[PDB]
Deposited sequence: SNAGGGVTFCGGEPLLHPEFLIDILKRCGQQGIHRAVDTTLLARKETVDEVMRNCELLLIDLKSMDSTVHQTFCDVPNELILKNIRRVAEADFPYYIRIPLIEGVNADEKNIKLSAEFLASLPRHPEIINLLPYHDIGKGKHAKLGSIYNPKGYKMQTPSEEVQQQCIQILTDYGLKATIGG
């Protein structure tokens, strides 16, 4: 059936507007997914959850320095938000844009798995999105190794959206 998705940072800079549109979509029976990666305020995350079906959060790196370099923001808030959604027992997806040279190392993926596995509710799915365009596309071998790691920690993972 599809639905509506809000992605990225910009929608979150219009939080009252976002909630209004989400409410309108709910009335029309349209499925709603919202990227809350960069949402600063916990009351807003709570209100978004009251007005959608699914949260989407990017987990680009467990290394805050890598995260700051590529996202212009540290990861402390991202991790807090993932924990908050998990503790709310609310459905969420985790997306990991997978970039050889940035975040496809065994260490990062294991730290990611350990964080997620420890949460009281796991993600519905973890989407590994191989980079296509150092920053290189991870090999098929690396991609599958990442899937295996996540699977080994009891998490559900796939390549692609």
Subject >> Gaps in the model (deposited sequence, numbered from 1) >> reply: 1-3, 137-154
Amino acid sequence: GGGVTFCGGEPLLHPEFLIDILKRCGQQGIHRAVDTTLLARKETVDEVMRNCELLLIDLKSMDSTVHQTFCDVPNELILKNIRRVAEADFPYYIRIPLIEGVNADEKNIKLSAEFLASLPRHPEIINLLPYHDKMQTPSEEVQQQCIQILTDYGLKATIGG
From here on, numbers count along this sequence of modelled residues.
Original post:
With respect to the recorded C-alpha B factors, which stretch has the higher mean value, 110-118 or 35-43?
Top reply: 35-43
**OP:** Could you check the entry and say whether 63-71 or 119-127 has the higher mean CA B-factor?
**Re:** 63-71
Original post:
By its CA B factor, does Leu22 count among the lowest, middle or highest third of the modelled residues in the chain?
Top reply: lowest
Original post:
Taking the C-alpha B-factors as the PDB entry records them, is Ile96 in the lowest, middle or highest third of its chain?
Top reply: middle
**OP:** Ordered by C-alpha B-factor within the chain, which third holds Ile57? Give me lowest, middle or highest, please.
**Re:** lowest
Subject >> B-factor third for the C-alpha atom of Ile30 within its chain >> reply: lowest
Subject >> Modelled-residue ranking by C-alpha temperature factor, third containing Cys7 >> reply: lowest
